[PDB]
Amino acid sequence: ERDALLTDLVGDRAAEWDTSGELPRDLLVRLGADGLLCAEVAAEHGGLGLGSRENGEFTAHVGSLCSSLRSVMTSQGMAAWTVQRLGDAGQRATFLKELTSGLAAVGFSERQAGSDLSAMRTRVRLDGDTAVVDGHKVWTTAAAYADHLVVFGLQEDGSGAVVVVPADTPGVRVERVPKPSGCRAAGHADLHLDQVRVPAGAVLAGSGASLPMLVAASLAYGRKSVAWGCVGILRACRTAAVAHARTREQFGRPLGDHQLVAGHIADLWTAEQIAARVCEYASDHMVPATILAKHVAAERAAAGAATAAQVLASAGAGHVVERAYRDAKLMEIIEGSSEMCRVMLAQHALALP
Ligand SMILES: Cc1cc2nc3c(=O)[nH]c(=O)nc-3n(C[C@H](O)[C@H](O)[C@H](O)COP(=O)(O)OP(=O)(O)OC[C@H]3O[C@@H](n4cnc5c(N)ncnc54)[C@H](O)[C@@H]3O)c2cc1C
């Protein structure tokens, strides 16, 4: 059991969560403690130890129900991955167990550093037994719910470091984004870090490599998660469109019998299949396949959502299709925008024999 559980946990409440702009805190801790939202974490740390396909299809299913909830899973998973990819033995042992005993967020983006991550100015300064982080992050997903804030920044010598900061450490202020356009219940919030003091142990080991590499390591997850999340959006759109198409009648027959509508259904099904295949391929493998999966799944999900909205018409004008339309648009922008994905994939192709 896993998807069935989420179908009923969600069980017809996504619309209200979306319009109210918030997810139940109790649900997230419950899922976190169950190891879900963190499924790929090794069993040694109390994780479920799921592979990329298993966790991926699970992420896709949650995405098909509520993308705000799905976004929390991506943030959770990304934080966990970042710590187990950079942290040491003691660091991974401490943080990973907490992320699977019931919340974290990952903030690297800044007002002046969006697509250009190397433009962030937040600084982390090791000073004896203590680290001092000072900066500001924007649009941090799930930050309004997090206990831990995984913050990226520049050291001093070897620029680029990552620090796990307790949400309640004096000097930190998490200001929720007022009116987010999509994934409205994901708890987006800007982070204000005014001279925050934390143990030197909070700074993950390997926090000495360049700005890229790090971030690139964390973005690998997230891009994979967002890609599967988009497969979920396509699932919800395809199923809602087909349901409307074989039940709604106009001009004396089910909409599905009108070839133009059939065409939309075919394109929705095809989009869903394409996104799944690319996600599966990336999950098997690596960096380019993941960028590719996120890119295609996102663009196809955005197109699919518009197509599904067309099919449902006034009935979809709340709604899974309504939310998919707004949510998918955002997916084309985050975790490496469509434009950045094109520049990166272009660079990849231009380096092939
Ligand atoms: C719902 C949501 C959740 C988010 N969650 C997080 C999170 O958890 N953590 C986090 O750190 N950030 C998060 N972000 C922000 C996400 O990282 C951003 O979408 C991205 O960095 C947005 O940058 P924006 O900076 O100003 O702009 P840019 O100002 O980056 O936007 C630029 C526009 O110009 C294009 N562009 C920029 N440079 C180039 C170029 N060289 N070539 C071609 N086109 C270019 C872009 O593709 C884009 O369309 C989230 C955002 C949203 C909307």
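Sequential numbering from 1 along the given sequence is applied to the chain's residues.
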Pair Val132, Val196 - check side-chain contact (heavy atoms from CB on, under 4.5 Å), show working. CA-CA 5 Å; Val132 184; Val196 176; over 6 Å; no
Practice problem: May I have the step-by-step check of side-chain contact (heavy atoms from CB on, under 4.5 Å) for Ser338 and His295, ending in yes or no? | Solution: CA-CA 6 Å; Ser338 299; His295 182 57; 3.9 Å; yes
Inset, instruction - Quick one: do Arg30 and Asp34 satisfy salt bridge (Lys or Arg N to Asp or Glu O under 4.0 Å)? Show the steps, please. - result: CA-CA 6 Å; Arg30 202 273 221 205; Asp34 290 330; 2.9 Å; yes
Decide yes or no on side-chain hydrogen bond (donor to acceptor under 3.5 Å, both in side chains) for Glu98 and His148, but give the supporting numbers first. CA-CA 10 Å; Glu98 298 198 17; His148 300 301; 2.8 Å; yes
Dump the intermediate steps for side-chain contact (heavy atoms from CB on, under 4.5 Å) on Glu40 and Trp81, then the final yes or no.
CA-CA 8 Å; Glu40 285 173 46; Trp81 169 250; 5.7 Å; no
Check: Given the rule in the side-chain contact (heavy atoms from CB on, under 4.5 Å) test, do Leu117 and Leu211 qualify, once you have shown the distances and angles that lead to the verdict?
Finding: CA-CA 8 Å; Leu117 56 158; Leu211 328 318; 5.7 Å; no
The test is salt bridge (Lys or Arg N to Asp or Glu O under 4.0 Å); show your working for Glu322 and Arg326 and say whether it passes. CA-CA 7 Å; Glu322 149 70 23; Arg326 284 182 292 102; 2.8 Å; yes
- Verdict with supporting geometry, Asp194 and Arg173, salt bridge (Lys or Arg N to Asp or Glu O under 4.0 Å): CA-CA 8 Å; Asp194 175 41; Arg173 294 298 181 184; over 6 Å; no
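The closest side-chain heavy-atom distance from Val10 to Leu69 is below 4.5 Å. The side-chain heavy atoms of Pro24 and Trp17, taken from C-beta on, include a pair separated by under 4.5 Å. A heavy-atom distance below 4.5 Å is found between the side chains of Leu27 and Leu9. Looking at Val162 and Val215, their side chains never come closer than 4.5 Å, going by heavy atoms from C-beta outward. Contact of the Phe108 side chain with the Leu214 side chain is not registered, since no non-hydrogen atoms from C-beta on lie closer than 4.5 Å. At a threshold of 4.5 Å between non-hydrogen side-chain atoms, the residues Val287 and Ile291 count as touching. Two residues are said to be in side-chain contact when any heavy atoms from C-beta on lie closer than 4.5 Å; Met78 and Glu335 meet this criterion. Side-chain contact check for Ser218 versus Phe152: some heavy-atom pair is nearer than 4.5 Å.
Remark: the backbone N or O of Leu103 is paired with a side-chain donor or acceptor of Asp147 at under 3.5 angstrom. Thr7 contributes a side-chain N or O that, together with a main-chain N or O of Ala4, makes up a donor-acceptor pair within less than 3.5 Å. In terms of modelled atom types and a separation under 3.5 Å, the side chain of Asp134 and the main chain of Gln195 share a donor-acceptor contact. With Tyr145 contributing its side chain and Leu23 its backbone, the two residues share a donor-acceptor pair below 3.5 Å. Side-chain atoms of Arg238 never come within 3.5 Å of backbone atoms of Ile265 as a donor-acceptor pair (strictly under, hydrogens ignored). Side chain of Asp88 to backbone of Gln91: a donor-acceptor contact under 3.5 angstrom is found. In terms of modelled atom types and a separation under 3.5 Å, the side chain of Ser101 and the main chain of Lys97 share a donor-acceptor contact. Checking side-chain atoms of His45 against main-chain N and O of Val41 turns up no donor-acceptor pair under 3.5 Å. Side chain of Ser207 to main chain of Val203: no donor-acceptor pair is present (N/O by atom type, distance under 3.5 Å, no hydrogens or angles).
Test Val321, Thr239, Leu312 against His244 for side-chain contact (heavy atoms from CB on, under 4.5 Å) and you get one pass: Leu312.
No hydrogens or angles considered: nothing links the side chains of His136 and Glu110 as a donor-acceptor pair under 3.5 Å. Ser52 and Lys224 share a side-chain donor-acceptor pair at under 3.5 Å. A donor and an acceptor atom, one from each side chain of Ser118 and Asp116, are located under 3.5 Å apart.
A distance of 7.0 Å separates NZ in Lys294 from SG in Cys230, rounded to the nearest 0.5 Å. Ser225 contributes atom OG, which lies 12.0 Å from atom CG of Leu219 (distance to the nearest 0.5 angstrom). The CD atom of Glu57 sits 10.0 Å away from the CZ atom of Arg2 when rounded to the nearest 0.5 Å. One finds the CG atom of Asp327 at 6.5 Å from the CG atom of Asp18 (value rounded to the nearest 0.5 Å). Put simply, CG on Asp8 and CG on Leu65 are 9.5 Å apart, with the number rounded to the nearest 0.5 Å. Atoms CZ and CD1, from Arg300 and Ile233 in turn, are 13.5 Å apart once rounded to the nearest 0.5 Å.
The pair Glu44-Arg92 fails the salt-bridge criterion, with no side-chain N (NZ, NE, NH1 or NH2) lying under 4.0 Å from an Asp/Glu carboxylate O. Between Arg123 and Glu156, no side-chain nitrogen of the basic residue sits less than 4.0 Å from a carboxylate oxygen of the acidic one, so the salt-bridge criterion is not met.
Residues passing the salt bridge (charged side-chain N to carboxylate O under 4.0 Å, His left out) test with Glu22 are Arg176, sequence neighbours excluded. By the side chain to side chain contact (heavy atoms under 4.5 Å, CB included) test, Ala60 pairs with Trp228, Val231, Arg235, sequence neighbours left out. For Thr141, the side chain to side chain contact (heavy atoms under 4.5 Å, CB included) criterion is met by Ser71, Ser75, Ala186, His188, not counting sequence neighbours.
Pairing each heavy atom of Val150 with each of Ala79, the nearest pair is CG2-CB, 3.8 Å. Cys66 and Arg323 make their closest contact through CA-NH1, 4.2 Å (heavy atoms, listed as atom of the first residue, atom of the second, distance). Shown here for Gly229 and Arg70, the closest heavy-atom pair between the two residues is CA-NH1, 3.2 Å. When all heavy atoms are compared, the tightest approach of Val261 to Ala245 is CG1-CB, 4.2 Å. When every heavy atom of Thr290 is checked against every heavy atom of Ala220, the shortest pair comes out as CG2-O, 3.5 Å. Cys183 and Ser67 get closest at one heavy-atom pair: SG-O, 3.8 Å.
Hydrophobic clustering (side-chain heavy atoms under 4.5 Å, transitive across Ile, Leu, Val, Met, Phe, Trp, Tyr) keeps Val226 apart from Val296. Hydrophobic cluster membership differs between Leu330 and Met340, with clusters built from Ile, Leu, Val, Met, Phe, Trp and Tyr side chains linked at under 4.5 angstrom. Placement of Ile333 and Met331 within a single hydrophobic cluster is found when ILVMFWY residues are connected by side-chain heavy-atom separations under 4.5 Å, directly or transitively. Linking ILVMFWY side-chain heavy atoms closer than 4.5 Å, directly or via other members, places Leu154 and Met213 in two distinct hydrophobic clusters. A single hydrophobic cluster is seen to contain both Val174 and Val163, as judged by linkage of ILVMFWY side chains at heavy-atom distances under 4.5 Å, directly or through other members.
Counting non-hydrogen atoms of neighbouring residues, nucleotides and ligands closer than 6.0 angstrom, the CZ atom of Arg277 exceeds 12 such neighbours. Within a 6.0 Å sphere centred on CD of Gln112, heavy atoms belonging to other residues, nucleotides or ligands number more than 12.
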